[PDB]
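Read through the structure below, which is laid out as structure tokens, and then see the notes.
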RNA sequence: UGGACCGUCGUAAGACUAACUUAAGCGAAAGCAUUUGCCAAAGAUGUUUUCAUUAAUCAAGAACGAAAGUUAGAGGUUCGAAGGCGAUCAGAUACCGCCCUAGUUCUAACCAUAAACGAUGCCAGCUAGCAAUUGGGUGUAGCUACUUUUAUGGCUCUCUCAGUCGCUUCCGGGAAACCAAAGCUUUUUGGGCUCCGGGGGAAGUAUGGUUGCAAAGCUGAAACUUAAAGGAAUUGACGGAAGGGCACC
């Protein structure tokens, strides 16, 4: 929450971020997930452990990650008309559901 | 910091408010001001308060219908758990002001700004509507704007005379029975027959001084 | 293909008529083309009246009501279903129906 | 014997307030709301929470000896809604059925003479 | 909060996912409060019913 | 497509064609 | 019925309430009364739709009433609705 | 953090004129709502007043012209193109959420457009009801006000102008939807007058002239392309729209 105005509003905006995420997980919530869609292949970052695995390894690979996610074995060892109507098969799901409770 | 170990309301002492002399019984509520200190003066925070009461609470009205004259009083001078609470204006409650304005009518509203013989300089907000006649099948009953700007003058030359008008020892007694809504109706019915007329609001923007001598006489 | 005799609503010899913000989408819709609803609704809604009049001080006091003239955009009173989709021979009526009782939502 | 504070119940969309105070209005008694009673950040508006606000104030003013009250609704109408929300009737039922024998039921919601330009902008809040 | 209540009149059941008879029901010691509660499951007229939450009824018209 | 946004697809040619033409003088 | 055989001679009373212009001729509903005020004596002849405060030179009693169309004498009238 | 939000009284500000509010009025169209004073103006009616065709419509021309925009000066509340965030999403430079900048507002000019719509130029006559309804006129053989039975004022009834809005119908027209004019455009039709259209595109483009600080405005083609494009209405979805009514595929 950080009512402390002698802490940086430009840096507590992320202290409000990564601590509201861990507090909800500390009570009941699932760890936050972000799916790294590299080249026609996915990589789900579900737990904190694979999330914390992921962060330090891209301090070494970094900008060639997508060309090393598909090619490097040892990184892959560590981490282990037809189109529109499927792209709108799911948008019709939201509008029907994100609008039934709209009032 | 302050950091009182329990209950700043325990510092708050009750004060009994008292109405002025003209209405009825005086005790009409209880204010809760902190017990005084060196830099907390119990006299000093009471002076600003504008207190809201109804007229039915000041005229022995057991059945609330004539309550709509919300005579706001100003907590003026204190002594010994007893503020004296001078007069500060009179709204009209919104259950009764908003009820009158139906469509199918033309309302006429006059606003004056007249000073008493006492130093107060009021501002009275009269309200009219046009009364439907009997056997009037026509569903409007509208006035004609020289039958409005007449009436808007016809109220303004009247309720100025009640302001220079046996003042707040007696002017609020004219507001006790609402006599001023009775002088308007007979004097406007020569022009256009008006519906229910009430003055709805007075503003007491220029109170001069104390005159505690007459004020303690005003606390009879 | 003209749908209404009066087009939108009711603009007879004024040239142009002032707008009004719709009550729940804040859309600038004009004054005559505005679905005006005018509610006089009780303040306890009919079930706390038997509960307030226990803890009344007076002889039942009788309780006040609300007074507001609500305007609606045409979508925001088809979606709220104040007003829907009359037939082609019943787009021509303005005067009926209630036909059943005193109308509720006052009550 | 009888003593009269007021209630100032402010019942809007998303939140409800019950703010019992002096006959002036200044010195408050049991400021609390319904938004400090349900821990969800959407549930603040519920009639449960307006009771759960008024289940606390209506006893607390009794601990300050308050016997009787006046009621002042609010909507929150500025340019805005100008009708009390869902938990307005949930409070006065909860307040009066806790032995606070009251009479004055007024509605100080603000009502302006065509004031300024509410947000949304001319087509606004497209959903 | 061990309040009991018996039904005087059924109203419609909003069934489809949670069949419950929104029914008008008065208490025993506080029989002047004919509140309109929502009772999941099959009920009969004049059926007495236990309760704790006897304060507000989740108002829904018909 | 819209009859209005093609009035702007073309009004912003007429100042590329008026700019480019009169720099070449 | 619009298929009447006759349009030339109307009934008398309806052409007395047709218009001043829309009758079969034009005829004004004006005339020249001869007002004597009851408070004085002088024979004064005036227009009916007078539009002028017309009291006598030595008899300024009432003689008329100021209004738009025909002047409407109230309780101060003595004239004759006739050629003088 | 101890004091936001709330309560309260108070001060300053700029914006806006609710409710009354209409099928109500006024205006050349654009547009036009606090009181009051002023200021010139105007339609209507009343008119046994005057003048005696002074008229109609109009290429060129002239004035006025919502919003946005521009030049300078003020102010600057809320809202707020752009901008930056927060989300949302497969992506979202969007909708939703927060911050605000030009703008919004006032005088000084410029711009000269809009679904500037009644998608209906203007002056004149005729062809039917009925209901309201704003002005003004007129008769109560009406009530009512009390200043009094009165009289001024209100209402109701009756008539009439100038109308306006609705319905009802053609027993007129139309491709129809409809229209009391979109009718009397009849059978090869005629009350005057002006502006405009000629399959769809290309294209309000290209180029010249002309106006503007500029944005832009007025004028304005063709080569080429093409057989349809369009109007109104019927029948197909008790196919993501209301209101119904069923069954354990």
Subject >> region B:157-178, residues that are surrounded by 15 or more Cβ atoms within 10 Å (Cβ to Cβ) and part of a helix (DSSP H, G or I) >> reply: B:158, B:159, B:171, B:172, B:174, B:175, B:176
Subject >> Enumeration of residues in region E:36-55 that are within 11 Å of chain D (Cβ to nearest Cβ) and either within 11 Å of the chain's Cα centre (by Cα) or surrounded by fewer than 16 Cβ atoms within 10 Å (Cβ to Cβ) (or both) >> reply: E:53, E:54
**OP:** Test residue D:124 against the stated conditions and say whether it is within 12 Å of RNA strand H (Cβ to nearest atom), farther than 27 Å from residue E:35 by Cβ and surrounded by 15 or more Cβ atoms within 10 Å (Cβ to Cβ).
**Re:** no
**OP:** Give me a count of the residues in region D:15-29 that are under 22 Å from residue C:44 (Cβ atoms) and either more than 9 Å from RNA strand H (Cβ to nearest atom) or in contact with a helix residue (DSSP H, G or I) (Cβ under 6 Å, 6 or more places away or on another chain) (or both).
**Re:** 4
**OP:** Output the residues belonging to region B:7-34 that are at negative phi, part of a loop (DSSP other than H, G, I, E, B) and surrounded by fewer than 17 Cβ atoms within 10 Å (Cβ to Cβ).
**Re:** B:21, B:24, B:25
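Restricting attention to region A:63-90, report how many residues are more than 16 Å from residue A:40 (Cβ to Cβ) and surrounded by fewer than 10 Cβ atoms within 10 Å (Cβ to Cβ).
Result for region A:63-90: 13.
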**OP:** Output the residues belonging to region B:35-58 that are in contact with a helix residue (DSSP H, G or I) (Cβ under 9 Å, 6 or more places away or on another chain) and buried (at least 16 other Cβ atoms within 10 Å of the Cβ).
**Re:** B:55, B:58
Original post:
Hey, does region C:64-75 have a residue that's more than 14 Å from chain B (Cβ to nearest Cβ) and not in a loop (DSSP other than H, G, I, E, B)?
Top reply: yes
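Out of the helices (runs of 4 or more DSSP H) lying entirely within region A:46-103, which hold 3 or more residues that are near RNA strand H (Cβ under 10 Å from one of its atoms), more than 14 Å from every other protein chain (Cβ to nearest Cβ) and over 30 Å from residue C:23 (Cα atoms)?
On the way: elements: A:48-57, A:66-69, A:73-79, A:84-87, A:91-97.
So the answer is A:84-87.
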Original post:
Across region B:89-110, what is the number of residues that are away from chain C (no Cβ under 14 Å), buried (at least 16 other Cβ atoms within 10 Å of the Cβ) and within 8 Å of RNA strand H (Cβ to nearest atom)?
Top reply: 3
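Is it true that residue C:59 is more than 9 Å from RNA strand H (Cβ to nearest atom), within 26 Å of residue E:56 (Cα to Cα) and surrounded by fewer than 16 Cβ atoms within 10 Å (Cβ to Cβ)?
So residue C:59 passes the test.
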Original post:
Within the bounds of region D:45-58, is there any residue that is farther than 29 Å from residue E:33 by Cβ, within 11 Å of another protein chain (Cβ to nearest Cβ) and surrounded by 15 or more Cβ atoms within 10 Å (Cβ to Cβ)?
Top reply: no
**OP:** Take region C:19-38 and flag every residue that is part of a loop (DSSP other than H, G, I, E, B) and at the interface with chain D (Cβ under 10 Å from one of its Cβ atoms).
**Re:** C:22, C:23, C:24, C:25, C:26, C:27
**OP:** Determine the pairs where a residue that is farther than 14 Å from residue G:30 by Cβ, located within region G:42-65, has a partner that is outside any loop (DSSP other than H, G, I, E, B) and within 16 Å of RNA strand H (Cβ to nearest atom) with Cβ atoms under 6 Å apart, the partner being 6 or more residues away or on another chain.
**Re:** G:44/G:35; G:54/G:46; G:63/G:35
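Readers should treat all values here as calculations from the given coordinates under stated rules, not as data from a laboratory. For neighbour counting, all protein chains shown are included, and Cβ atoms are generated from backbone atoms with ideal geometry for every residue, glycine included.
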